[PDB]
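The chain below stands alone, shown as structure tokens; this is the form deposited in one PDB entry.
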């Protein structure tokens, strides 16, 4: 309560499942901080805090701290004044290829970082990728994040949490699966949306005709026909159904378009 004495909760920045994100500005210094408010009596809030404590990287939203007031949790986060990546994507169009390439490089740096410390995000999508005042990408919203590697010993995951058009096909087919290829797949869906302004399917299942179309290499249909051959060839390696055959991030960093000078 003494916080709201000195800090103005200026307005709502977004709505999550358990509550809102508010912009807080200090009436004296004018410093701005984002306040995620979560109702424990309604994403896993205990783990979110716990995972946020581990993170220190230029492409992850910085966590300052938290507190509990009754049943309500408050997370204090760096304010990313550039907003969601989602709002840089023009519906049915996307954004310029150089912008998409730069964002994707920054997505990869943030994802390499998380996986390096054995964390998987599990909900990668444009709504969970924020931009700072220099348009640097910041991975956000760790409510579905979990540890997949303990020191140097991996475990397989089994939770089908995640936003369905971004979910890898193994989540609908296998009872357990490796963490890292799931994150690589959602990144591919993000790249597709950036380049075309359009998600390719509701869900990566056999019954979905748009998924069948992609499996059958019908790249003359939307969204694929709007995408240049070079970035498309990377997408061909990422949106690979068998997660064991799917491109890894060290191999993404060798891809021709990935390394292509544009503009």
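Between two forms, the rigid core is the largest collection of C-alphas that superpose within 1.5 Å. Numbering follows the first chain given and starts at 1.
Notably, residue 43 is an intermittent gap: at least a third of the other compared entries of this protein, restricted to those modelling both its neighbours, have no coordinates for it. In the deposited sequence, the stretch from residue 42 to residue 43 hides 4 to 9 residues that have no coordinates. Of the two segments, 165-173 and 70-78, the one listed with the higher mean B-factor is 70-78 (C-alpha atoms only). For the two regions 248-256 and 12-20, the entry's Cα B-factors average higher over 12-20.
Across the options 61, 194, 51, 238, the residue with the most elevated CA B-factor in the record is 51. Compared with the other modelled residues of the chain, the Cα B-factor recorded for residue 122 ranks in the lowest third. When the modelled residues of the chain are ordered by C-alpha B-factor, residue 140 sits in the lowest third. The entry lists a Cα temperature factor for residue 149 that places it in the middle third of the chain's modelled residues.
Annotation for residue 109: CA B-factor lies in the lowest third of the chain's modelled residues. The entry lists a Cα temperature factor for residue 155 that places it in the lowest third of the chain's modelled residues.
Quick note: we don't show the form deposited in another entry, though the next part is all about it.
In the core-aligned comparison between the shown form and the other one, the C-alpha of 27 is the only one from 53, 215, 225, 27 that shifts by 2 Å or more.
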